[PDB]
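Q: Contents of my_file.tsv (TSV, C-alpha atoms and all ligand atoms) are below:
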chain	number	residue	atom	x	y	z
A	2	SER	CA	111.58	124.58	102.74
A	3	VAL	CA	112.14	122.08	105.55
A	4	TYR	CA	114.24	124.68	107.37
A	5	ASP	CA	111.33	127.12	107.35
A	6	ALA	CA	108.88	124.43	108.42
A	7	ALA	CA	111.09	123.39	111.34
A	8	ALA	CA	110.97	126.97	112.64
A	9	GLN	CA	107.20	126.56	113.00
A	10	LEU	CA	107.76	124.28	115.99
A	11	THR	CA	107.36	126.94	118.68
A	12	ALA	CA	107.95	126.47	122.41
A	13	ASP	CA	104.41	125.37	123.27
A	14	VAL	CA	104.07	123.25	120.14
A	15	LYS	CA	107.12	121.25	121.20
A	16	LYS	CA	105.76	121.00	124.73
A	17	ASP	CA	102.41	119.67	123.52
A	18	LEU	CA	104.24	117.15	121.33
A	19	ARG	CA	106.16	115.85	124.34
A	20	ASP	CA	103.22	115.69	126.76
A	21	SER	CA	101.11	113.77	124.25
A	22	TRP	CA	103.92	111.48	123.10
A	23	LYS	CA	104.56	110.58	126.75
A	24	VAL	CA	101.22	108.75	126.68
A	25	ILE	CA	101.08	107.64	123.04
A	26	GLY	CA	104.69	106.47	122.95
A	27	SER	CA	104.08	104.34	126.04
A	28	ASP	CA	102.48	101.63	123.91
A	29	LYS	CA	104.19	101.65	120.52
A	30	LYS	CA	102.81	98.27	119.46
A	31	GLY	CA	99.20	98.96	120.37
A	32	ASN	CA	99.08	102.60	119.26
A	33	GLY	CA	101.28	101.89	116.26
A	34	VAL	CA	98.96	99.21	114.89
A	35	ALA	CA	95.90	101.35	115.61
A	36	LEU	CA	97.52	104.20	113.69
A	37	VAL	CA	98.35	102.13	110.61
A	38	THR	CA	95.00	100.29	110.60
A	39	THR	CA	93.12	103.58	110.86
A	40	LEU	CA	95.05	104.84	107.83
A	41	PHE	CA	93.98	101.89	105.70
A	42	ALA	CA	90.39	102.23	106.91
A	43	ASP	CA	90.09	105.97	106.30
A	44	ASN	CA	92.18	105.90	103.12
A	45	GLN	CA	91.84	102.51	101.40
A	46	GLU	CA	93.65	104.03	98.41
A	47	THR	CA	96.94	103.92	100.34
A	48	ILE	CA	96.82	100.14	100.76
A	49	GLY	CA	98.38	99.80	97.31
A	50	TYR	CA	101.72	101.02	98.66
A	51	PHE	CA	101.81	98.21	101.24
A	52	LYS	CA	101.43	95.18	98.96
A	53	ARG	CA	104.31	93.49	100.81
A	54	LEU	CA	102.42	93.47	104.12
A	55	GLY	CA	99.82	91.08	102.74
A	56	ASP	CA	96.31	90.88	104.22
A	57	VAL	CA	96.32	94.15	106.16
A	58	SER	CA	92.86	93.45	107.63
A	59	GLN	CA	94.37	90.82	109.94
A	60	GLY	CA	95.78	93.63	112.06
A	61	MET	CA	97.79	92.54	115.09
A	62	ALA	CA	97.75	88.96	113.77
A	63	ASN	CA	99.72	90.02	110.68
A	64	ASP	CA	103.41	89.75	111.59
A	65	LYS	CA	104.58	92.04	108.78
A	66	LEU	CA	101.98	94.68	109.64
A	67	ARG	CA	102.93	94.48	113.31
A	68	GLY	CA	106.62	94.78	112.50
A	69	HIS	CA	105.99	97.87	110.38
A	70	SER	CA	103.70	99.51	112.94
A	71	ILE	CA	106.19	99.14	115.79
A	72	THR	CA	109.07	100.40	113.67
A	73	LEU	CA	107.01	103.41	112.57
A	74	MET	CA	106.63	104.52	116.20
A	75	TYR	CA	110.40	104.62	116.63
A	76	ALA	CA	110.67	107.14	113.80
A	77	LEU	CA	108.28	109.39	115.73
A	78	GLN	CA	110.35	108.70	118.84
A	79	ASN	CA	113.36	109.94	116.89
A	80	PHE	CA	111.68	113.18	115.83
A	81	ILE	CA	110.49	113.93	119.36
A	82	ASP	CA	114.01	113.39	120.73
A	83	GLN	CA	115.48	115.86	118.23
A	84	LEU	CA	113.10	118.70	119.09
A	85	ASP	CA	115.82	120.40	121.16
A	86	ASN	CA	118.21	120.79	118.22
A	87	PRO	CA	116.68	122.09	114.96
A	88	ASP	CA	119.81	121.08	113.03
A	89	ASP	CA	119.49	117.47	114.15
A	90	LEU	CA	115.73	117.36	113.61
A	91	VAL	CA	116.24	118.46	110.00
A	92	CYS	CA	119.00	115.99	109.13
A	93	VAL	CA	116.88	113.24	110.67
A	94	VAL	CA	113.81	114.32	108.70
A	95	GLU	CA	115.67	114.45	105.37
A	96	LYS	CA	117.17	111.03	106.13
A	97	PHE	CA	113.68	109.71	106.84
A	98	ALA	CA	112.32	111.23	103.62
A	99	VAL	CA	114.79	109.42	101.34
A	100	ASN	CA	112.93	106.09	101.27
A	101	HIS	CA	109.49	107.68	101.11
A	102	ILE	CA	110.62	109.77	98.14
A	103	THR	CA	111.84	106.61	96.41
A	104	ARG	CA	108.39	105.08	96.88
A	105	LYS	CA	106.97	108.20	95.23
A	106	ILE	CA	105.06	109.18	98.36
A	107	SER	CA	104.02	112.82	97.88
A	108	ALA	CA	103.54	115.47	100.56
A	109	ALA	CA	99.77	115.30	100.07
A	110	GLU	CA	99.89	111.51	100.34
A	111	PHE	CA	101.91	111.63	103.56
A	112	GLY	CA	99.51	114.21	104.97
A	113	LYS	CA	96.83	111.53	105.13
A	114	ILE	CA	98.38	110.31	108.37
A	115	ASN	CA	97.02	113.40	110.15
A	116	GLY	CA	93.55	111.89	110.29
A	117	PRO	CA	94.70	108.63	111.95
A	118	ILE	CA	96.90	110.61	114.36
A	119	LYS	CA	94.03	112.89	115.38
A	120	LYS	CA	91.83	109.87	116.12
A	121	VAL	CA	94.50	108.05	118.13
A	122	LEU	CA	95.07	111.23	120.15
A	123	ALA	CA	91.34	111.63	120.82
A	124	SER	CA	91.11	108.03	122.01
A	125	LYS	CA	93.62	109.03	124.70
A	126	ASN	CA	91.81	112.23	125.69
A	127	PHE	CA	94.01	114.59	123.65
A	128	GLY	CA	92.03	117.16	121.67
A	129	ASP	CA	92.49	119.46	118.67
A	130	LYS	CA	95.20	121.40	120.49
A	131	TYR	CA	97.42	118.33	120.21
A	132	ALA	CA	96.22	117.17	116.78
A	133	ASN	CA	97.26	120.55	115.40
A	134	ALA	CA	100.62	120.32	117.14
A	135	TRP	CA	101.30	116.99	115.45
A	136	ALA	CA	100.14	118.34	112.10
A	137	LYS	CA	102.92	120.90	112.51
A	138	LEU	CA	105.52	118.16	112.93
A	139	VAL	CA	104.09	116.19	110.00
A	140	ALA	CA	104.35	119.41	107.97
A	141	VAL	CA	108.10	119.40	108.54
A	142	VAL	CA	108.30	116.01	106.83
A	143	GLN	CA	105.97	117.08	104.01
A	144	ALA	CA	108.36	119.94	103.22
A	145	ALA	CA	111.13	117.39	102.66
A	146	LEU	CA	109.12	115.21	100.27
B	2	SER	CA	115.66	80.64	111.08
B	3	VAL	CA	115.49	84.05	112.77
B	4	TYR	CA	113.65	82.36	115.65
B	5	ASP	CA	116.49	79.90	116.14
B	6	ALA	CA	119.00	82.74	116.30
B	7	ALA	CA	116.73	84.54	118.76
B	8	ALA	CA	117.01	81.45	120.96
B	9	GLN	CA	120.67	82.26	121.57
B	10	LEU	CA	119.52	85.40	123.38
B	11	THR	CA	119.54	83.88	126.86
B	12	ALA	CA	118.52	85.64	130.07
B	13	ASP	CA	122.11	86.67	130.79
B	14	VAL	CA	122.71	87.88	127.24
B	15	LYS	CA	119.60	90.07	127.32
B	16	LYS	CA	120.67	91.40	130.72
B	17	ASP	CA	124.06	92.52	129.42
B	18	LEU	CA	122.49	94.01	126.28
B	19	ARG	CA	120.12	96.08	128.42
B	20	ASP	CA	122.83	97.24	130.84
B	21	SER	CA	125.27	98.26	128.11
B	22	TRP	CA	122.53	99.94	126.07
B	23	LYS	CA	121.47	102.00	129.09
B	24	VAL	CA	124.79	103.79	128.64
B	25	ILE	CA	125.42	103.54	124.89
B	26	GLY	CA	121.87	104.57	124.03
B	27	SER	CA	122.00	107.62	126.31
B	28	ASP	CA	123.96	109.50	123.62
B	29	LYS	CA	122.64	108.32	120.27
B	30	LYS	CA	124.24	111.09	118.21
B	31	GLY	CA	127.66	110.75	119.80
B	32	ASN	CA	127.83	106.96	119.87
B	33	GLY	CA	125.96	106.60	116.60
B	34	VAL	CA	128.55	108.66	114.73
B	35	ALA	CA	131.33	106.82	116.56
B	36	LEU	CA	129.92	103.52	115.29
B	37	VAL	CA	129.57	104.55	111.65
B	38	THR	CA	132.89	106.40	111.40
B	39	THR	CA	134.69	103.47	113.04
B	40	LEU	CA	133.11	101.13	110.49
B	41	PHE	CA	134.43	103.21	107.59
B	42	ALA	CA	137.82	103.52	109.29
B	43	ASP	CA	138.31	99.79	109.88
B	44	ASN	CA	136.51	98.61	106.73
B	45	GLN	CA	136.95	101.30	104.07
B	46	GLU	CA	135.26	99.09	101.48
B	47	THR	CA	131.88	99.53	103.21
B	48	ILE	CA	131.97	103.17	102.10
B	49	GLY	CA	130.89	102.01	98.65
B	50	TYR	CA	127.37	101.55	100.04
B	51	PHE	CA	127.12	105.14	101.29
B	52	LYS	CA	127.84	107.26	98.22
B	53	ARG	CA	124.69	109.24	99.06
B	54	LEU	CA	126.14	110.55	102.33
B	55	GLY	CA	128.80	112.47	100.42
B	56	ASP	CA	132.12	113.31	102.07
B	57	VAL	CA	132.04	110.89	105.00
B	58	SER	CA	135.47	112.15	106.11
B	59	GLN	CA	133.67	115.14	107.65
B	60	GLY	CA	132.14	112.79	110.21
B	61	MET	CA	129.86	114.48	112.74
B	62	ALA	CA	129.89	117.74	110.74
B	63	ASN	CA	128.33	115.91	107.78
B	64	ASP	CA	124.57	116.40	108.13
B	65	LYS	CA	123.69	113.34	106.04
B	66	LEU	CA	126.11	111.13	107.94
B	67	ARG	CA	124.92	112.55	111.27
B	68	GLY	CA	121.30	112.02	110.25
B	69	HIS	CA	121.99	108.39	109.33
B	70	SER	CA	124.01	107.70	112.48
B	71	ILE	CA	121.29	108.97	114.81
B	72	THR	CA	118.57	107.04	112.98
B	73	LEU	CA	120.66	103.87	113.13
B	74	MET	CA	120.57	103.97	116.94
B	75	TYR	CA	116.77	103.92	116.95
B	76	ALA	CA	116.82	100.57	115.15
B	77	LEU	CA	118.92	99.20	118.00
B	78	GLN	CA	116.62	100.90	120.52
B	79	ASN	CA	113.80	99.02	118.79
B	80	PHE	CA	115.53	95.64	119.12
B	81	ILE	CA	116.47	96.22	122.75
B	82	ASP	CA	112.87	97.06	123.64
B	83	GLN	CA	111.54	93.86	122.01
B	84	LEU	CA	113.97	91.50	123.77
B	85	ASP	CA	111.36	89.96	126.09
B	86	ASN	CA	108.92	89.02	123.33
B	87	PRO	CA	110.55	86.74	120.70
B	88	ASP	CA	107.58	87.20	118.36
B	89	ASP	CA	107.90	90.99	118.23
B	90	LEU	CA	111.70	90.85	118.02
B	91	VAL	CA	111.45	88.54	115.02
B	92	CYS	CA	108.89	90.62	113.11
B	93	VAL	CA	110.89	93.80	113.79
B	94	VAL	CA	114.16	92.21	112.65
B	95	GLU	CA	112.62	90.89	109.43
B	96	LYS	CA	111.05	94.29	108.76
B	97	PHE	CA	114.49	95.83	109.29
B	98	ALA	CA	116.20	93.39	106.91
B	99	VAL	CA	113.95	94.23	103.96
B	100	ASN	CA	115.82	97.39	102.89
B	101	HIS	CA	119.23	95.91	103.63
B	102	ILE	CA	118.43	92.84	101.53
B	103	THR	CA	117.45	95.17	98.68
B	104	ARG	CA	120.84	96.88	99.03
B	105	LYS	CA	122.43	93.47	98.52
B	106	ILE	CA	124.08	93.49	101.95
B	107	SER	CA	125.03	89.91	102.81
B	108	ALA	CA	125.16	88.55	106.37
B	109	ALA	CA	128.96	88.50	106.18
B	110	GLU	CA	129.05	92.14	105.09
B	111	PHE	CA	126.66	93.10	107.90
B	112	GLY	CA	128.81	91.27	110.43
B	113	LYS	CA	131.56	93.84	109.90
B	114	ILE	CA	129.65	96.03	112.35
B	115	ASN	CA	130.81	93.76	115.19
B	116	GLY	CA	134.27	95.30	115.33
B	117	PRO	CA	132.98	98.89	115.63
B	118	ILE	CA	130.47	97.82	118.28
B	119	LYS	CA	133.21	96.13	120.29
B	120	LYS	CA	135.31	99.30	120.14
B	121	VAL	CA	132.45	101.62	121.07
B	122	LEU	CA	131.55	99.39	124.02
B	123	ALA	CA	135.19	99.35	125.12
B	124	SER	CA	135.38	103.15	125.04
B	125	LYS	CA	132.68	103.13	127.71
B	126	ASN	CA	134.49	100.31	129.53
B	127	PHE	CA	132.33	97.34	128.54
B	128	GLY	CA	134.49	94.23	128.17
B	129	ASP	CA	134.34	91.22	125.85
B	130	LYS	CA	131.45	89.88	127.91
B	131	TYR	CA	129.26	92.63	126.47
B	132	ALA	CA	130.85	92.46	123.02
B	133	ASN	CA	129.85	88.80	122.75
B	134	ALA	CA	126.30	89.60	123.88
B	135	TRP	CA	125.95	92.15	121.08
B	136	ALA	CA	127.52	89.79	118.55
B	137	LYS	CA	124.62	87.45	119.31
B	138	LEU	CA	122.04	90.17	118.65
B	139	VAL	CA	123.73	91.00	115.35
B	140	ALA	CA	123.60	87.26	114.62
B	141	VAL	CA	119.81	87.44	114.81
B	142	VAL	CA	119.83	90.09	112.08
B	143	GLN	CA	122.38	88.15	110.04
B	144	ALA	CA	120.00	85.19	110.07
B	145	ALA	CA	117.45	87.37	108.28
B	146	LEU	CA	119.81	88.45	105.49
C	201	LIG	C1	103.60	109.16	110.83
C	201	LIG	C2	104.05	108.91	109.48
C	201	LIG	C3	104.88	107.86	109.06
C	201	LIG	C4	105.98	107.38	109.69
C	201	LIG	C5	106.58	107.86	111.01
C	201	LIG	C6	106.53	106.35	108.82
C	201	LIG	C7	107.60	105.54	109.18
C	201	LIG	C8	108.16	104.59	108.35
C	201	LIG	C9	109.31	103.78	108.72
C	201	LIG	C10	110.20	103.95	109.96
C	201	LIG	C11	109.51	102.89	107.72
C	201	LIG	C12	110.67	101.91	107.62
C	201	LIG	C13	111.91	102.58	107.03
C	201	LIG	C14	111.78	102.86	105.55
C	201	LIG	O1	111.87	101.89	104.76
C	201	LIG	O2	111.59	104.04	105.17
C	201	LIG	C15	108.47	103.16	106.73
C	201	LIG	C16	108.22	102.35	105.63
C	201	LIG	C17	107.21	102.58	104.70
C	201	LIG	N1	106.40	103.71	104.68
C	201	LIG	FE1	106.34	105.23	105.97
C	201	LIG	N2	105.84	106.25	107.61
C	201	LIG	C18	104.77	107.13	107.79
C	201	LIG	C19	103.75	107.32	106.87
C	201	LIG	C20	103.69	106.72	105.62
C	201	LIG	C21	102.61	106.94	104.67
C	201	LIG	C22	101.49	107.97	104.84
C	201	LIG	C23	102.82	106.11	103.61
C	201	LIG	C24	102.07	105.95	102.44
C	201	LIG	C25	100.75	106.46	102.13
C	201	LIG	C26	104.07	105.40	103.93
C	201	LIG	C27	104.55	104.34	103.17
C	201	LIG	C28	105.60	103.51	103.56
C	201	LIG	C29	105.88	102.24	102.91
C	201	LIG	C30	105.21	101.66	101.66
C	201	LIG	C31	106.85	101.65	103.64
C	201	LIG	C32	107.36	100.22	103.43
C	201	LIG	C33	106.53	99.18	104.17
C	201	LIG	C34	107.10	97.77	104.03
C	201	LIG	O3	107.21	97.28	102.89
C	201	LIG	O4	107.44	97.17	105.07
C	201	LIG	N3	104.61	105.80	105.14
C	201	LIG	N4	107.70	104.26	107.09
C	202	LIG	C1	123.84	97.43	113.89
C	202	LIG	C2	123.97	97.77	112.49
C	202	LIG	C3	123.11	98.53	111.68
C	202	LIG	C4	121.95	99.17	112.00
C	202	LIG	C5	121.21	99.15	113.34
C	202	LIG	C6	121.48	99.82	110.78
C	202	LIG	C7	120.38	100.66	110.74
C	202	LIG	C8	119.89	101.26	109.58
C	202	LIG	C9	118.72	102.11	109.54
C	202	LIG	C10	117.73	102.36	110.67
C	202	LIG	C11	118.63	102.61	108.29
C	202	LIG	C12	117.49	103.50	107.79
C	202	LIG	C13	116.32	102.68	107.24
C	202	LIG	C14	116.67	101.98	105.94
C	202	LIG	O1	116.79	102.67	104.91
C	202	LIG	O2	116.83	100.74	105.96
C	202	LIG	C15	119.75	102.07	107.55
C	202	LIG	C16	120.12	102.49	106.28
C	202	LIG	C17	121.23	102.00	105.61
C	202	LIG	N1	122.03	100.95	106.05
C	202	LIG	FE1	121.93	99.93	107.75
C	202	LIG	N2	122.28	99.51	109.69
C	202	LIG	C18	123.32	98.78	110.25
C	202	LIG	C19	124.43	98.33	109.55
C	202	LIG	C20	124.61	98.48	108.18
C	202	LIG	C21	125.78	97.98	107.46
C	202	LIG	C22	126.91	97.14	108.06
C	202	LIG	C23	125.66	98.39	106.17
C	202	LIG	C24	126.49	98.14	105.07
C	202	LIG	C25	127.89	97.79	105.07
C	202	LIG	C26	124.40	99.15	106.12
C	202	LIG	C27	124.02	99.92	105.03
C	202	LIG	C28	122.95	100.78	105.01
C	202	LIG	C29	122.74	101.74	103.95
C	202	LIG	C30	123.57	101.91	102.68
C	202	LIG	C31	121.69	102.51	104.32
C	202	LIG	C32	121.19	103.73	103.57
C	202	LIG	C33	121.99	104.95	103.99
C	202	LIG	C34	121.52	106.22	103.32
C	202	LIG	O3	121.65	106.32	102.08
C	202	LIG	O4	121.03	107.13	104.02
C	202	LIG	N3	123.73	99.15	107.34
C	202	LIG	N4	120.49	101.17	108.33
How does the structure come out when it is put into structure tokens?

A:
Amino acid sequence: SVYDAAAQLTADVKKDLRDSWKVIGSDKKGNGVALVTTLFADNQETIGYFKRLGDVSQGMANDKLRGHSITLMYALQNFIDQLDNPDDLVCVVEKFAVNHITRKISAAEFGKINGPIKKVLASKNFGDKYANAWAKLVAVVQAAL
Amino acid sequence: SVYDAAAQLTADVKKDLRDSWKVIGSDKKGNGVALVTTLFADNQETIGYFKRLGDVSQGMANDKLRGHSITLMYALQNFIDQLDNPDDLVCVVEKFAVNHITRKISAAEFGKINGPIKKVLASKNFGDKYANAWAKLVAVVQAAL
């Protein structure tokens, strides 16, 4: 369950999430677009869910893609801010899951973001230690899907 | 259309939005819930759109309502951060309007959030000057609905 997954966020895992987000969250537009573009490049099969965004290969030039990428980063900002209170983190995660469930996005499908996240982290000098920490957070969301 | 509304966001308006948000946004859970509950209190009819949240009379204690309230504040955080770049503000506002348009929420209906905002600002001692500034930001969103 999501409640069991949330308990997986140990002291150091939360610390690593904060330290890394401090750098990544500094540039939501740049890192957000890089994250979304990397997802479409590594998993072209997911592009079907974003028909509304149009020509996704335009990247930063695509207004809809840029709007989505920036907004996405604020959802991560939300999760990071709720790390202190497990009860709040959970209600925020379930709230976030509603729309993804409606779009029939499965836990396995959502888990494809781990690759893009690991690469963005690496580009900022954050290794496996941090990629694994973020996979833990992503796992909390997967448990709600 | 959204661009024209964004033009009303003058240097002074953006200054007041940033100063008031520095306080309001410091407690997203507390002020977020205050906003939503005040909306339901002053405009009971808007409750028809939130059947999913369950017993909204529980307020803060309601996990779904608390989860929604907190998340709502991050949309505002998003807008406030994009104030200096009209292009990003516009793409983020249009991205935000997509789901509200699907819910059949007209600009008039959305405008009902102005009252609650004015009251929340007043509780922190922010006069009409700030209430008008925020009414202009909401106007940008209304232009997208
Ligand atoms: C780090 C992970 C992710 C985050 C933080 C995230 C965040 C968001 C946010 C904040 C929205 C806007 C609110 C909403 O409508 O739900 C959204 C929309 C959406 N998400 Fe997710 N999402 C993530 C991963 C994914 C993945 C992996 C898929 C699909 C493979 C997906 C598909 C969608 C779609 C289709 C939309 C609508 C896009 C549009 O039409 O503008 N999301 N997501
Ligand atoms: C400053 C005002 C508002 C902000 C910043 C805001 C923000 C948000 C956000 C971030 C979401 C989650 C993403 C999504 O599903 O779109 C959302 C959901 C929603 N909003 Fe808005 N909203 C505002 C006002 C309103 C108003 C006035 C109504 C209707 C009278 C409305 C109705 C909804 C509904 C029904 C949901 C889904 C709630 C749920 O089932 O969890 N919103 N809004």

Q: Give chain A as a compact mmCIF listing (two decimals) with C-alpha atoms, in the coordinates of the input once it has been least-squares superposed onto chain B over every C-alpha atom, paired in order.

A:
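See selection00.txt below for the written result:
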# COMPACT_ATOMS: atom_id res chain seq x y z
CA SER A 2 116.86 80.49 110.77
CA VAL A 3 116.05 83.79 112.49
CA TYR A 4 113.75 81.91 114.87
CA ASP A 5 116.62 79.68 115.97
CA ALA A 6 118.99 82.63 116.29
CA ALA A 7 116.51 84.55 118.45
CA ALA A 8 116.46 81.63 120.90
CA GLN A 9 120.18 82.22 121.46
CA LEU A 10 119.35 85.37 123.43
CA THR A 11 119.46 83.79 126.89
CA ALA A 12 118.51 85.49 130.16
CA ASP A 13 121.96 86.89 130.93
CA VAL A 14 122.63 87.83 127.31
CA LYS A 15 119.51 90.00 127.33
CA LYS A 16 120.52 91.47 130.68
CA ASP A 17 123.99 92.38 129.41
CA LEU A 18 122.41 93.97 126.33
CA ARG A 19 120.22 96.17 128.52
CA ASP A 20 122.91 97.21 131.01
CA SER A 21 125.28 98.21 128.21
CA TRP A 22 122.62 99.91 126.09
CA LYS A 23 121.64 101.98 129.13
CA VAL A 24 124.99 103.75 128.77
CA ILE A 25 125.50 103.56 125.00
CA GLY A 26 121.93 104.55 124.16
CA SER A 27 122.26 107.61 126.39
CA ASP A 28 124.09 109.47 123.63
CA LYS A 29 122.72 108.26 120.30
CA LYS A 30 124.24 111.11 118.29
CA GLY A 31 127.73 110.85 119.72
CA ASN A 32 127.92 107.06 119.94
CA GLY A 33 126.04 106.66 116.68
CA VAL A 34 128.51 108.76 114.71
CA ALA A 35 131.46 107.06 116.41
CA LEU A 36 130.00 103.70 115.42
CA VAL A 37 129.51 104.58 111.76
CA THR A 38 132.86 106.38 111.45
CA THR A 39 134.67 103.42 112.99
CA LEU A 40 133.03 101.16 110.40
CA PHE A 41 134.34 103.23 107.51
CA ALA A 42 137.79 103.40 109.10
CA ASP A 43 138.11 99.69 109.83
CA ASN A 44 136.34 98.62 106.63
CA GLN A 45 136.89 101.23 103.90
CA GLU A 46 135.36 98.75 101.45
CA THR A 47 131.90 99.43 102.90
CA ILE A 48 132.02 103.13 102.02
CA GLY A 49 130.81 102.24 98.52
CA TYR A 50 127.34 101.48 99.88
CA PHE A 51 127.03 105.00 101.33
CA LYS A 52 127.67 107.08 98.20
CA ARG A 53 124.64 109.23 99.07
CA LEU A 54 126.20 110.42 102.35
CA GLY A 55 128.95 112.25 100.49
CA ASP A 56 132.30 113.02 102.15
CA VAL A 57 132.06 110.61 105.08
CA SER A 58 135.36 111.85 106.55
CA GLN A 59 133.66 115.07 107.66
CA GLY A 60 132.02 113.12 110.47
CA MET A 61 129.73 115.13 112.74
CA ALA A 62 129.94 118.04 110.29
CA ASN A 63 128.28 115.95 107.57
CA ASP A 64 124.52 116.43 107.97
CA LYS A 65 123.60 113.30 106.01
CA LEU A 66 126.08 111.17 107.96
CA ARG A 67 124.77 112.58 111.24
CA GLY A 68 121.18 111.94 110.22
CA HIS A 69 121.98 108.33 109.35
CA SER A 70 123.98 107.71 112.53
CA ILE A 71 121.23 108.97 114.83
CA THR A 72 118.56 107.00 113.00
CA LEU A 73 120.68 103.84 113.19
CA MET A 74 120.69 104.04 117.00
CA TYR A 75 116.89 104.01 117.07
CA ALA A 76 116.87 100.67 115.26
CA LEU A 77 119.04 99.27 118.06
CA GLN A 78 116.68 100.92 120.53
CA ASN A 79 113.86 99.03 118.84
CA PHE A 80 115.60 95.66 119.12
CA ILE A 81 116.43 96.18 122.79
CA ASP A 82 112.79 97.07 123.54
CA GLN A 83 111.55 93.87 121.91
CA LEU A 84 113.80 91.55 123.91
CA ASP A 85 110.87 90.59 126.16
CA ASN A 86 108.78 89.17 123.31
CA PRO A 87 110.61 86.87 120.85
CA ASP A 88 107.69 87.09 118.40
CA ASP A 89 107.94 90.88 118.25
CA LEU A 90 111.74 90.88 118.07
CA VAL A 91 111.58 88.61 115.02
CA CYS A 92 108.94 90.57 113.10
CA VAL A 93 110.93 93.73 113.81
CA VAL A 94 114.17 92.11 112.63
CA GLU A 95 112.65 90.82 109.38
CA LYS A 96 111.12 94.26 108.78
CA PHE A 97 114.54 95.82 109.33
CA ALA A 98 116.19 93.33 106.97
CA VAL A 99 113.98 94.20 103.98
CA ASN A 100 115.87 97.34 102.96
CA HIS A 101 119.29 95.87 103.69
CA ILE A 102 118.44 92.87 101.51
CA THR A 103 117.43 95.23 98.70
CA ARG A 104 120.84 96.90 98.95
CA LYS A 105 122.37 93.44 98.61
CA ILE A 106 123.96 93.63 102.06
CA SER A 107 125.00 90.07 102.95
CA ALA A 108 125.18 88.50 106.40
CA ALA A 109 128.98 88.58 106.25
CA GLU A 110 128.88 92.23 105.20
CA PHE A 111 126.55 93.17 108.06
CA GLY A 112 128.77 91.27 110.49
CA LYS A 113 131.45 93.91 109.98
CA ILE A 114 129.60 96.12 112.45
CA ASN A 115 130.74 93.85 115.30
CA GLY A 116 134.20 95.40 115.25
CA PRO A 117 132.93 99.00 115.58
CA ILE A 118 130.48 97.91 118.29
CA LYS A 119 133.21 96.18 120.30
CA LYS A 120 135.36 99.32 120.18
CA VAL A 121 132.53 101.65 121.18
CA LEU A 122 131.72 99.34 124.10
CA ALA A 123 135.36 99.28 125.22
CA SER A 124 135.52 103.07 125.13
CA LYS A 125 132.74 102.99 127.74
CA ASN A 126 134.41 100.36 129.93
CA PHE A 127 132.39 97.39 128.62
CA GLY A 128 134.53 94.35 127.83
CA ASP A 129 134.34 91.16 125.77
CA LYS A 130 131.44 89.89 127.87
CA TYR A 131 129.30 92.63 126.34
CA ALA A 132 130.84 92.58 122.86
CA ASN A 133 129.90 88.91 122.62
CA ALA A 134 126.39 89.64 123.84
CA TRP A 135 125.92 92.18 121.06
CA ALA A 136 127.39 89.80 118.50
CA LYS A 137 124.55 87.47 119.49
CA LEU A 138 121.96 90.13 118.70
CA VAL A 139 123.69 91.02 115.42
CA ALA A 140 123.60 87.30 114.60
CA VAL A 141 119.81 87.41 114.76
CA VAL A 142 119.82 90.01 111.99
CA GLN A 143 122.40 88.10 109.94
CA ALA A 144 120.07 85.09 109.95
CA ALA A 145 117.40 87.23 108.29
CA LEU A 146 119.66 88.52 105.50

Q: Any residue with an atom at most 7 Å from ligand LIG 202 (chain C) counts, using only C-alpha atoms and all ligand atoms. Which are they? Put them as a ChimeraX atom specification.

A: /A:96,100 /B:47,50-51,53-54,69,72-77,97,100-101,104,106,110-114,139

Q: For chain A, which residue among B:129, B:5, B:28, B:89 is the nearest when counting all atoms listed in the file?

A: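 With all atoms listed in the file as the atom set, the closest residue is B:89.
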
Q: To one decimal place, how far is atom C7 of ligand LIG 201 (chain C) from atom CA of residue 90 of chain A in Å?

A: 15.0 Å

Q: Give the answer as one residue: which of B:120, B:67, B:105, B:137 has the shortest atom-to-atom distance to chain A, using only C-alpha atoms?

A: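 Answer, going by the shortest atom-to-atom distance: B:67.
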
Q: Report, in Å to a single decimal, how far apart atom CA of residue 85 of chain B and atom CA of residue 136 of chain B are.

A: 17.8 Å

Q: What's the separation between atom CA of residue 30 of chain A and atom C31 of ligand LIG 201 (chain C), in Å to one decimal place?

A: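 Here the two named atoms are 16.7 Å from each other.
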
Q: Within 6 Å of chain A, which residues of chain B are there when counting all atoms listed in the file? Please give them as an MDAnalysis selection string.

A: chainID B and resid 64 68 92:93 96

Q: So which residues touch residue 141 of chain B within 8 Å, counting only C-alpha atoms, skipping near sequence neighbours fewer than 3 positions away, as a PDB file with C-alpha atoms, in the coordinates of the input?

A:
ATOM      1  CA  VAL B   3     115.490  84.050 112.770  1.00  0.00           C
ATOM      2  CA  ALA B   6     119.000  82.740 116.300  1.00  0.00           C
ATOM      3  CA  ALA B   7     116.730  84.540 118.760  1.00  0.00           C
ATOM      4  CA  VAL B  94     114.160  92.210 112.650  1.00  0.00           C
ATOM      5  CA  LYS B 137     124.620  87.450 119.310  1.00  0.00           C
ATOM      6  CA  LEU B 138     122.040  90.170 118.650  1.00  0.00           C
ATOM      7  CA  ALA B 144     120.000  85.190 110.070  1.00  0.00           C
ATOM      8  CA  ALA B 145     117.450  87.370 108.280  1.00  0.00           C
TER       9      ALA B 145
END

Q: Of the candidates A:87, A:31, A:55, A:128, which one gets nearest to ligand LIG 201 (chain C) if we count only C-alpha atoms and all ligand atoms?

A: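 Nearest candidate to ligand LIG 201 (chain C) out of A:87, A:31, A:55, A:128: A:55.
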
Q: Looking at all atoms listed in the file, which of A:143, A:14, A:21, A:4 is the one that sits closest to residue 121 of chain A?

A: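 Ranked by minimum distance to residue 121 of chain A, first place goes to A:21.
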